[PDB]
């Protein structure tokens, strides 16, 4: 039967929603916690016993994880626990919300009955969602978002030379690639190094699947007979000045930078 394990361990499955290999999987961990159901009563049903129980299980993702590595497994091990007597010991399993920018965490609560026989030891482990009678294996489902940056050139009053760098973060490391669309063609920007390109009046470039929470800086080479200024528009909130050469952090709103070269 689904959600009934003959043995001493509780399997945990983590699925990250991931459908596009062009997107960088965040380098991060998810942590599952097991605690006693402190109100469990009514074999006798008892509050879960935690003496000798490792109460944390973890799975790890990194930037190399693609479609084929989106699901991970861990477990809790009840073999190591000293139970004071036979019975059913009830625990609550949840996933910690680590609050990492861009990540959506599974808030579901799971309940676990461990059937303890004869010393004493676990015999069966049964799992269900809290408030459900349906037995099923524990599976947490997480997801994450990406954003975008468009950069356009306007001339007032010729190719202008730009440099973009996406700085590495703890989540998105140096040497990983982010897609850019440039003169119609899909190309690769490598995180942590200068990416040089050109734009003329009304030409744009776009990074459409940009990691959330990384920092970037954009500069333009000095162009004789022009002064250069730039604005950053975040979603529908009002455009503010972007000073070329400054670090800007990506977040959930789609960014557009308009760089204006004004003839002197």
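Numbering follows the first chain given and starts at 1.
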query: Count class of deposited residues lacking coordinates, residue 157 to residue 158; finding: 4 to 9
query: Unresolved deposited residues in the interval that joins residue 42 and residue 43; finding: 4 to 9
query: Residue stretch of maximal mean CA temperature factor, 184-192 vs 76-84; finding: 76-84
query: 232-240 versus 205-213 - greater average Cα B-factor per the deposited record; finding: 232-240
query: Residue with maximal Cα B-factor (values as given in the PDB entry) among 179, 150, 123, 109; finding: 123
query: C-alpha B-factor winner, where the candidates are 116, 93, 171, 103; finding: 116
query: Third of chain Cα B-factors occupied by residue 130; finding: middle
query: Residue 9 - Cα temperature factor, lowest/middle/highest third of chain; finding: highest
query: Chain third (lowest, middle, highest) by recorded CA B-factor, residue given as residue 46; finding: highest
query: Assigned third (lowest, middle, highest) for the C-alpha B factor of residue 33; finding: middle
query: CA B-factor placement of residue 58, once the chain's modelled residues are sorted into thirds; finding: middle
